[PDB]
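Colleague: So that we are looking at the same thing, I have put the structure below in structure tokens.
Positions of Cβ are backbone-derived with ideal geometry, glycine not excepted, and every protein chain shown enters the neighbour counts. No value in this document is a laboratory result; all are computed from the given coordinates.
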Amino acid sequence: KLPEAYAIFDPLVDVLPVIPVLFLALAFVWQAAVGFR
Amino acid sequence: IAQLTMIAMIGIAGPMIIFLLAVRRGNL
Amino acid sequence: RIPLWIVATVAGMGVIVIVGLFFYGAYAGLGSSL
Amino acid sequence: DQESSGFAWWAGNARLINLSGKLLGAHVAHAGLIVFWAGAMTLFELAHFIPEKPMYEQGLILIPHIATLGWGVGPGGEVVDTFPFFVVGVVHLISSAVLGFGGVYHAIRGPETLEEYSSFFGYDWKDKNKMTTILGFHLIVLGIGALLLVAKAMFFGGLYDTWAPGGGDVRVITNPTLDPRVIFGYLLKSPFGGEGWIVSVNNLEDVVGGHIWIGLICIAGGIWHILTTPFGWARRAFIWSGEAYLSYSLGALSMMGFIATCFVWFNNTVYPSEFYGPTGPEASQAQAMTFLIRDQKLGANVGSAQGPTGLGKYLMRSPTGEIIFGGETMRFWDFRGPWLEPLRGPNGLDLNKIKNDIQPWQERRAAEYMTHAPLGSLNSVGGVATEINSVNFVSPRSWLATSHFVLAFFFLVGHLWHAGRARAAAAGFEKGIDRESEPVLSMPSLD
Amino acid sequence: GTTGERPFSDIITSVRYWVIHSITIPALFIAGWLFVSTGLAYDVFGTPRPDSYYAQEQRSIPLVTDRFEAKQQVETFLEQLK
Amino acid sequence: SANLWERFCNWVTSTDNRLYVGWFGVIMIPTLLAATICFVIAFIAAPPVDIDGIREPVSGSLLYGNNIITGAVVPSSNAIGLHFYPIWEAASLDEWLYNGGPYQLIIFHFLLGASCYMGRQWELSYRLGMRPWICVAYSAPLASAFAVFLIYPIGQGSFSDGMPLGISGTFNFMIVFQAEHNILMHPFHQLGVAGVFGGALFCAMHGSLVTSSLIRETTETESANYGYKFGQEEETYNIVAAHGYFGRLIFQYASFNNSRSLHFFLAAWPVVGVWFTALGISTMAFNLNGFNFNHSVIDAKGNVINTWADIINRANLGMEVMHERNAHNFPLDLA
Amino acid sequence: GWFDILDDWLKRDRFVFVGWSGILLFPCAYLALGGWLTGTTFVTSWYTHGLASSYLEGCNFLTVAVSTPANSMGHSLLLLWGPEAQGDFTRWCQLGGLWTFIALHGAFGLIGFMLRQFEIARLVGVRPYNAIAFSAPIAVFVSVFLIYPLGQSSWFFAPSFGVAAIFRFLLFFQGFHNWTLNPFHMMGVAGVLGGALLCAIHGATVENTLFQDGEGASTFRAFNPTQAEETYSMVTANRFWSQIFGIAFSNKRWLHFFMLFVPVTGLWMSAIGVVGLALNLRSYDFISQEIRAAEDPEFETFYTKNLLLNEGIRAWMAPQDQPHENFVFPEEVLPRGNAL
Amino acid sequence: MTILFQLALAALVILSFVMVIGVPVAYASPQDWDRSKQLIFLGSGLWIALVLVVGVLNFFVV
Amino acid sequence: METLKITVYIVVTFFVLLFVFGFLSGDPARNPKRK
Ligand code: CLA
Ligand code: CLA
Ligand code: CLA
Ligand code: CLA
Ligand code: CLA
Ligand code: CLA
Ligand SMILES: CC1=C(/C=C/C(C)=C/C=C/C(C)=C/C=C/C=C(C)/C=C/C=C(C)/C=C/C2=C(C)CCCC2(C)C)C(C)(C)CCC1
Ligand SMILES: CC1=C(/C=C/C(C)=C/C=C/C(C)=C/C=C/C=C(C)/C=C/C=C(C)/C=C/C2=C(C)CCCC2(C)C)C(C)(C)CCC1
Ligand SMILES: CC1=C(\C=C/C(C)=C/C=C/C(C)=C/C=C/C=C(C)/C=C/C=C(C)/C=C/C2=C(C)CCCC2(C)C)C(C)(C)CCC1
Ligand SMILES: [Ca+2]
Ligand SMILES: [Cl-]
Ligand SMILES: [Fe+2]
């Protein structure tokens, strides 16, 4: 497991891996906002 | 127990960094 | 007037949440195996 | 600056083909995504990692990669110190911020083009000199990297050797095979059953040794390209465009994706069954072992035992005469593994060693690997498609093999797509046939 | 290229819509939720509760074996605390 | 002679050939001819093959008691596995035919040629100044042949587990596959039928709509097809009348009005769908099988409440339990 | 006249065209879809098949279904107010009343829909080749969900409305009918598979033989919605396939009719095969083959192999697939190979 | 030291959160990034230090 | 039998050589316009 100290951040690290996917999604948010040029 | 609090913030963060740009109008 | 791109992105996430709720239920509800 | 009057939205990134500056931001921001994943995932794996439990039973694919390099493991793949795992994870995750910074910067702040803000970094796709030079740069960077592995193996600690004399353990390689006849021989090896081409590597000496050759060869070619230009044939054969160069690298990755798929599925050495699961053949071999071991203890003479077909219940012959395991496992008689080898003789499986040299650690090893075959469902239910829910498991060898085949294939499609476009873009009809000068209308009727 | 109906784009964007639907849409959601959570759904469709597939000891299935006296037969299946 | 080799290259590349022998053709034509000839002779006259390597020869040729439906070319022996088995690797042809020699010769030559066939579908398009990507559409059926003839055997460790070259033999491959992998319960397969069903659907869709909105240029007692001449300037059908109808069938915005967006969709859907189904076989070649919902829903006590997924499992066991009768000696089928 | 005023209103060009057909279509179509989505989440199949079939019980999108009625029901229409349910709704659900509900309503919905095709075509003034085509899906639904069980013992052996529940219908037909060996089915797949080829190949052909009518790379905008010239080179398309395949189209009017013919004809052939399976008149065996296999224990074909698979399918599935039979098959009577 | 570690580590998180949102809108809207070139620099500089703090401070907690 | 192997190998070499030296012979040139 995570080193005794960082254990507080255990829940945080549980979500981090998925973040890259969001970037792929974000790019679509942007294009929608700029009215798909 | 409920790290859904995390996702929530980092999730709305994405659209925020472009929403603020729709407010300050520029460079989209 | 509410900007369309906001309507979709909010309704978009709103869909990912409920459907994601479904996938969680696959490991907890009656649809489990435990 | 760039909008609909360049490309469509769904082809947006193609608007950056001639925007060196912004096109660098992409690559720097992208490279951050790769470092981010590697980092954040390692920490995710460690956070779930259970020391007194097999790695392959925990859905790990990065921590076993670190383990192979001799880090945090010991005798028999026993996990000693989880700190190196934590380090490799956090360091990456940090570096992702540094790269991500530059990426974002160059994409929305910095010069939209490079040619003027610096002639050294600015480039022209048709500039065969700049292209071969930038290529030369990366050919060195990769070259040093190949040597970074050699260093870790020979000096900074070693690697996990499953073939360890005293049994699987981290070993310092201090005798790399440098014989070219041996090294480059692998390249001349068949890709079929038995002769396994590159995947047939079975000792760290060759691995470390081969990396020495590659490392030097790569840098050597790196320097060559800095101080040269494409020849004559080299220019009259290829297409020189931003897309064309992409296509060439796309098929390259596709080919490497297929090779990697077969590596994680077949190879035992650079993919230890202690960290990953047992390989496909290894598992089927283990079952024959297991029940040969059982039944023999019940007083059965395995050597002369006759199966339903009259072929040999436990032991039979390979097409070239070697004594092998019986049953459907006759297809995996090409398997070699630390646990099984001490039973092998000069003609294959020795009936005498089988009869009284079977060791307890081998029996339970066979049992382990037998009960952990790379068989599973998408929802991760270990076993045959007809198994019952209970054992939540899918061999890491299965995850990796499948994922990288899908990627390798689609990249071959991406290759074809981008190579076909480049040929038409160059010649100049990638946007339709000229209504006026329609080529076909100028050719004789074959009818 | 147009008909009488008010262009969706305008309606989904109008503040008036959301002032309405911020009430209506969740309302239906909560209603459907209660429909299940109050166990009413179980009775509306005669769907067995997790503790209502068999009797305690019985391991046989309440298969309906004749059409005309099926309803009566079904009721009899509920009798054995099933 | 302007230069023999220069002329040769000009002839090969020539777009004035009845059939475009390309540079890919130089490899395709011979390989496809060996495959076909060997196939035809085998399917008719080849002797029984010990497919499972258990000395249990399976006859699949016409002359040996088969008909078109049952007849097939039997995969190489399981004793051979993934080993390369050319004719010059056998003591005799008798031996070569017994261990399923022809099979490898065919599949290898076909897959090679069928790949160059894709390569040629680019070349000719290049020589004629038209856009590529037609070959990209053909990559989907080819990727399936690859998955069924090469990828799955590699994954499973033997060419004997590759799909046989025959009708009924193809049925065996499927039935068994379902047993060992539960393919019907796999997303990639489901995407495949979606592409295949939708394909046939859209093929009929497009077909009908177009043929139904044809401009009148024919007599009442004259074929409506003659109202079109090869090499027309203008269109032969009213696409605006087509869109007007289909737009009213469902609703306007759910209807195509752009022929280019139409034909792209017509091409994209099945190709993409089949691509996944090909990836499905290639994925389940490494035993990453379909969803396993066996004994999922259970009651409050713990009794197992069956679903259709369980009824599927019973059918699957029966396949599993009966297939390759005498080939298994041990409890688990890990091969 | 009120009729022509009623007509006027119906045939008015709206967002969603109603029409006379709509009076039949929309009510049934909605009830069919609604009935499924209802049963899918709420109604069980415990008292009818001894199965869980709804989200409420724990099934997922794949395993959910609206299962057929009991075999006891026979071919009963299972009306809500019929002798079985006796007006009761809860009982009606438990007796699989929703199945005949979905089936019959959906049946009329398919009638209304083709009528819509006919009605709309007439108004717009276009040829009804869209209605002719839609006959293939009708034949299939009619043959499989109605005619087939009408030949069997009851509605019970009809395909249940659901993902997995359809998969068993496939495995069943293999095991019991040897459906893959049927000539009519083979023509079926040939049409679907061949139809999915035509779809692909034609689309790809057109997109890659296009003329340049714009200055952008994304050639989609560069299309003229108002006819005029052909958007793609038919002549180039012709010479291409003529050199790579040897054969090629040269009459857009025939090419498109061909795209109608192939998949529609296939579906119709597959329908006929199913109509024969209703009377169990299957294409199960080859007599010449069986006679040799009996006398000669060394004669083996891939055909013989498959039949053994069927025997296994029938034996191991029948008990839980046909509860009404009260099947009891001892372990020793179960056909099994070695080890497995 | 322990709390001091949790302070630095947690603060490093909130700063990054602020930085990750900050830098984008900074470079984007050209209303400045010259007054924000001051802000960004201080955030970037501080960030590195924080990482080095948590770095050395780690071998003291775990 | 050892002969057949040789024959085949020679044959395959021929076509493979024809293929490599083929695209090498300035293939991009061979096309309607720009070359
Ligand atoms: C090194 C890899 C690489 C690179 C750098 C490029 C670069 C490029 N490609 Mg490309 N391509 C690649 C691999 C690559 N490709 C592969 C492997 C394929 C085969 C599938 C393709 C197929 C392809 C096509 C068909 C096209 C391009 C195009 C382009 C250009 C415009 C970019 C674009 O359309 O972005 C836009 C990006 C998107 C619209 C995103 C697509 C999203 C994908 C399809 C979904 C991925 C699924 C994901 C894993 C699931 C996430 C779950 C989700 C819920 C979050 C650009 C030069 C276009 C062009 O102009 O050609 C020159 C074009 O038409 N490429
Ligand atoms: C790997 C993913 C990736 C990357 C790196 C890029 C990169 C780029 N794209 Mg792009 N794109 C992508 C995927 C990607 N794309 C996909 C999948 C699609 C299809 C939907 C597109 C469609 C697309 C179009 C249509 C266009 C681009 C353009 C561009 C370029 C200019 C970006 C821009 O307009 O800034 C605008 C920036 C903003 C509106 C603000 C966004 C916020 C920033 C960028 C993200 C912040 C990251 C993180 C949260 C902050 C970390 C801070 C921390 C380090 C401190 C840039 C090089 C444009 C181009 O050609 O350049 C001229 C263009 O027109 N893209
Ligand atoms: C590609 C490399 C790769 C490989 C081999 C793995 C392998 C693994 N991951 Mg992993 N992962 C990856 C990339 C990868 N991951 C990435 C990029 C992310 C970031 C989002 C993650 C995030 C992640 C998390 C958060 C977790 C894992 C876990 C796991 C393990 C369990 C696998 C599982 O249950 O997944 C099953 C997943 C699926 C069945 C989804 C398949 C999705 C496919 C690819 C979609 C294809 C559709 C297609 C794209 C549609 C496009 C078509 C359209 C354009 C028309 C396994 C060892 C788990 C673990 O370690 O627990 C043991 C876990 O909790 N991974
Ligand atoms: C793919 C990598 C890459 C490349 C090719 C460039 C290229 C460029 N950057 Mg840049 N940058 C990058 C990554 C990269 N950057 C990253 C990751 C960041 C985030 C920290 C930045 C942040 C950044 C800023 C803030 C600025 C630039 C600028 C520039 C341009 C001027 C050159 C310069 O500043 O160098 C000058 C420095 C050197 C020549 C020497 C640097 C050597 C470093 C200290 C050592 C690197 C070690 C390396 C990792 C290992 C290699 C050794 C190995 C071979 C053994 C140039 C086009 C400037 C610009 O836009 O001007 C036009 C500018 O103001 N960059
Ligand atoms: C990945 C890194 C990389 C890349 C992209 C390039 C790219 C290039 N190199 Mg190169 N090179 C590299 C690394 C690299 N080099 C290294 C490390 C060295 C040192 C050994 C060299 C030494 C080198 C020399 C000496 C020359 C080049 C040349 C060239 C150019 C033409 C290549 C060509 O036409 O090949 C096309 C290849 C063929 C037509 C032959 C095909 C036959 C192949 C080899 C066998 C079949 C492959 C098979 C499918 C794979 C199976 C594996 C096999 C072992 C069985 C091109 C720009 C040439 C040039 O223009 O000089 C500037 C040149 O003369 N390179
Ligand atoms: C017009 C659309 C339409 C059509 C064609 C149908 C058709 C059908 N529905 Mg249905 N339904 C509809 C709309 C429709 N529904 C709507 C909108 C609802 C929601 C309220 C329902 C709710 C519903 C339920 C709840 C049930 C059906 C059922 C049925 C089926 C049997 C009903 C029956 O016996 O008909 C009877 C036919 C008639 C009454 C027509 C009579 C017309 C004549 C001209 C009038 C004569 C009356 C006069 C008094 C006779 C004098 C003679 C004298 C000797 C007494 C049948 C397939 C049942 C079913 O599916 O069973 C499985 C069932 O249980 N429907
Ligand atoms: C916090 C934190 C962190 C992280 C950071 C990051 C990296 C972030 C990112 C973030 C992000 C990056 C986010 C994003 C998001 C996105 C999203 C969320 C999206 C969505 C989308 C949608 C919803 C869509 C929609 C749509 C549709 C559906 C249709 C079409 C149209 C549109 C497109 C509109 C760190 C590490 C420092 C540490 C810890 C803390
Ligand atoms: C029965 C009956 C009836 C009827 C009723 C009705 C009609 C109902 C309806 C109902 C309904 C009408 C329902 C609905 C539902 C729906 C749903 C439930 C949906 C869901 C969806 C989803 C979930 C989605 C998903 C997805 C997709 C698919 C796409 C992709 C993405 C996503 C994920 C989003 C009556 C009374 C008459 C009479 C008696 C009998
Ligand atoms: C261009 C562009 C784009 C892209 C972008 C990108 C790709 C970005 C990237 C970004 C990135 C690449 C970022 C990164 C970040 C990272 C970070 C920010 C880091 C953090 C770290 C930390 C925070 C530390 C520490 C720790 C540990 C050691 C353990 C405990 C926990 C924690 C995590 C705290 C898009 C598509 C959107 C759109 C268009 C434009
Ligand atoms: Ca945790
Ligand atoms: Cl079989
Ligand atoms: Fe067409």
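Colleague: If I take every Cα pair under 8 Å that is 6 or more residues apart in segment E:6-82, average their sequence separation and divide by the length, what percent do I get for the relative contact order?
Modeller: Relative contact order, segment E:6-82: 19 percent.
Colleague: Non-local amide H neighbours of G:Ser45 (under 5 Å, H modeled in plane, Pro and chain starts lacking H): which ones?
Modeller: Result for G:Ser45 returns G:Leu51, G:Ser53.
Colleague: Now a separate question. Give a residue-ordered list of calculated ³J(HN,Hα) values for segment F:142-154 (Karplus: 6.51 cos²θ - 1.76 cosθ + 1.60, θ = phi - 60°; whole Hz; x for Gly, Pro).
Modeller: Each residue of segment F:142-154 in turn: 5, 4, 7, 4, 4, 5, 7, 9, 10, 5, 4, x, 4 Hz.
Colleague: Just add up the charged neighbours of D:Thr371: K/R +1, D/E -1, any other residue whose Cβ is under 13 Å from the Cβ of D:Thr371.
Modeller: -3
Colleague: Counting other beta carbons within 10 Å of each residue's own, what order do D:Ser4, D:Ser273, E:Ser22 fall into, fewest first?
Modeller: Fewest-to-most Cβ neighbours within 10 Å comes out as E:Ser22, D:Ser4, D:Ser273.
Colleague: Under a point-charge model restricted to the Cβ atoms of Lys and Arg (+1) and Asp and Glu (-1), what is the dipole moment magnitude of segment G:22-340 relative to its Cα centre, in debye to the nearest 20?
Modeller: Its charge dipole is roughly 940 debye.
Colleague: Apply 1/(1 + (r/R0)^6) to the Cβ-Cβ distance of G:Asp7 and F:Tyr253, taking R0 = 35 Å, and write down the FRET efficiency to the nearest 0.05.
Modeller: Once the sixth-power term is evaluated, E becomes 0.85.
Colleague: Would you calculate a helix-derived [θ] at 222 nm for chain G, using -39,500 (n - 2.57) for each DSSP H run of n ≥ 4 and dividing by the full residue count, to the nearest 500?
Modeller: -18000 deg cm²/dmol
Colleague: Which listed residue (D:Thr371, D:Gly345, D:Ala385) has the Cα farthest towards the positive end of the charge dipole for segment D:296-392, taking +1 on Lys and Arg C-beta and -1 on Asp and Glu C-beta about the Cα centre?
Modeller: D:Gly345
Colleague: Follow-up. In sequence order, what are the phi-derived ³J(HN,Hα) couplings for segment F:24-37 according to the Karplus relation 6.51 cos²θ - 1.76 cosθ + 1.60 with θ = phi - 60°, rounded to whole Hz, with x for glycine and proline?
Modeller: Karplus values, whole Hz, x for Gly and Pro: 5, x, 4, 9, 4, 3, x, 4, 5, 5, 5, 4, 5, 5.
Colleague: Considering only DSSP beta bridges with both partners in the protein assembly as shown, what is the antiparallel share in %, to the nearest 5?
Modeller: 80
Colleague: First check a/c for segment D:159-218, with a ≥ b ≥ c the square roots of the eigenvalues of its C-alpha gyration tensor; if it is under 1.5, answer rounded, and if not, answer prolate when a/b is larger than b/c or oblate otherwise.
Modeller: Oblate, because a/c is 1.5 or more while a/b does not exceed b/c.
Colleague: Among E:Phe45, E:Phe68, E:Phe35, whose mean-square fluctuation peaks in a Gaussian network model of chain E (Cα, cutoff 10 Å)?
Modeller: E:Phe68
Colleague: Continuing with the same structure: Just report the Cα centroid separation between segment G:207-251 and segment D:385-428, whole Å.
Modeller: Here the answer is 31 Å between Cα centres.
Colleague: Net charge within 12 Å of F:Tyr152 by Cβ-Cβ distance, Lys/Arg positive one each and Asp/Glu negative one each, not counting F:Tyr152 itself?
Modeller: -2
Colleague: Distance between Cα centroids, segment F:248-324 to chain B: provide it in whole Å.
Modeller: Rounded to whole Å, the Cα centres lie 36 Å apart.
Colleague: Please list, or write none, the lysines whose alpha carbon is within less than 25 Å of the alpha carbon of D:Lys313, excluding same-chain residues fewer than 8 places away.
Modeller: In chain and number order, the partners are D:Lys297, D:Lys353, D:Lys355, G:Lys305.
Colleague: Taking chain F as a Gaussian network, where each spring joins two C-alpha atoms under 10 Å apart, which residue of F:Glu235, F:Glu56, F:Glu320 fluctuates the most?
Modeller: With Cα springs under 10 Å in chain F, the top fluctuation among F:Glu235, F:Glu56, F:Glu320 is at F:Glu235.
Colleague: Please list, ordered by chain and number, the residues whose modelled amide H lies under 5 Å from the amide H of F:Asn306; skip anything fewer than 5 residues away on the same chain.
Modeller: Excluding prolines and chain starts, which carry no amide H, the hits are G:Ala52.
Colleague: With unit charges on the beta carbon (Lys/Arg positive, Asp/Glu negative), name the residue among E:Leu28, E:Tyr54, E:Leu40 whose Cα is farthest towards the positive pole of the charge dipole of chain E.
Modeller: The listed residue farthest towards the positive side: E:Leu28.
Colleague: Ranked by Cβ crowding within 10 angstrom, fewest neighbours first, how are F:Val297, E:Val15 ordered?
Modeller: E:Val15, F:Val297
Colleague: Follow-up. Using alpha-carbon positions, what is the distance between the centroids of segment D:233-286 and segment G:126-204, in Å?
Modeller: Cα centres, segment D:233-286 to segment G:126-204: 41 Å.
Colleague: Where does chain F land at 222 nm, in deg cm²/dmol rounded to the nearest 500, when only DSSP H runs of n ≥ 4 count, each adding -39500 (n - 2.57), divided by all residues?
Modeller: For chain F, the value works out to -16500 deg cm²/dmol.
Colleague: Please rank D:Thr279, D:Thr113, D:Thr133, fewest neighbouring Cβ atoms within 10 Å first, as an exposure proxy.
Modeller: Result, fewest neighbours first: D:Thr113, D:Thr133, D:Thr279.
Colleague: Which ³J(HN,Hα) values in Hz, rounded to whole numbers, follow from the phi angles of segment G:156-166 under the Karplus curve 6.51 cos²θ - 1.76 cosθ + 1.60, where θ = phi - 60° and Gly and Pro get x?
Modeller: 3, 9, 7, x, 6, 6, x, 4, 4, 4, 8
Colleague: To continue, here is another question. Express the relative contact order of segment G:176-293 as a whole percentage, based on alpha carbon pairs under 8 Å and six or more residues apart in sequence.
Modeller: 47
Colleague: A further question follows. Which residue fluctuates most in the GNM of chain G (Cα springs below 10 Å): G:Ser54, G:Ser160, G:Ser250?
Modeller: Of G:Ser54, G:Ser160, G:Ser250, the Gaussian network model singles out G:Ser250 as fluctuating most.
Colleague: If a/c stays under 1.5 just call it rounded; otherwise compare a/b with b/c (prolate if a/b is bigger, oblate if not). Do that for chain F, with a ≥ b ≥ c from the square roots of the Cα gyration tensor eigenvalues.
Modeller: Oblate, since a/c reaches 1.5 and b/c is not below a/b.
Colleague: Further, regarding this structure: I need to check one value: relative contact order of chain G, counting alpha carbon pairs closer than 8 Å and at least 6 residues apart, in percent.
Modeller: 18
Colleague: Separate question: Determine the shape class of segment D:278-373: with a ≥ b ≥ c the square roots of the Cα gyration tensor eigenvalues, call it rounded for a/c under 1.5, and otherwise prolate if a/b is greater than b/c, oblate otherwise.
Modeller: Rounded, because the longest to shortest axis ratio a/c is under 1.5.
Colleague: Looking only at segment D:104-147, which residues have a backbone nitrogen under 16 Å from a spot 7 Å from the Cα of D:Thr228 in the C-beta direction?
Modeller: D:128-140
Colleague: Please list the non-local residues whose amide H lies under 5 Å from the amide H of F:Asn289, H modeled 1.01 Å from N, same-chain partners needing a gap of 5 or more.
Modeller: Counting only residues 5 or more places away or on other chains, the set is D:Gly376, D:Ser377, D:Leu378.
Colleague: Right, another one. List the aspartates and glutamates whose Cα sits under 17 Å from the Cα of E:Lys82, skipping any in the same chain fewer than 8 residues away.
Modeller: E:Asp43, E:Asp51, E:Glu57, F:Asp299, G:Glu57
Colleague: By the 4.7 Å beta carbon criterion, which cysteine residues of chain F come out unpaired?
Modeller: Unpaired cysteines in chain F: F:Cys9, F:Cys38, F:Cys116, F:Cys135.
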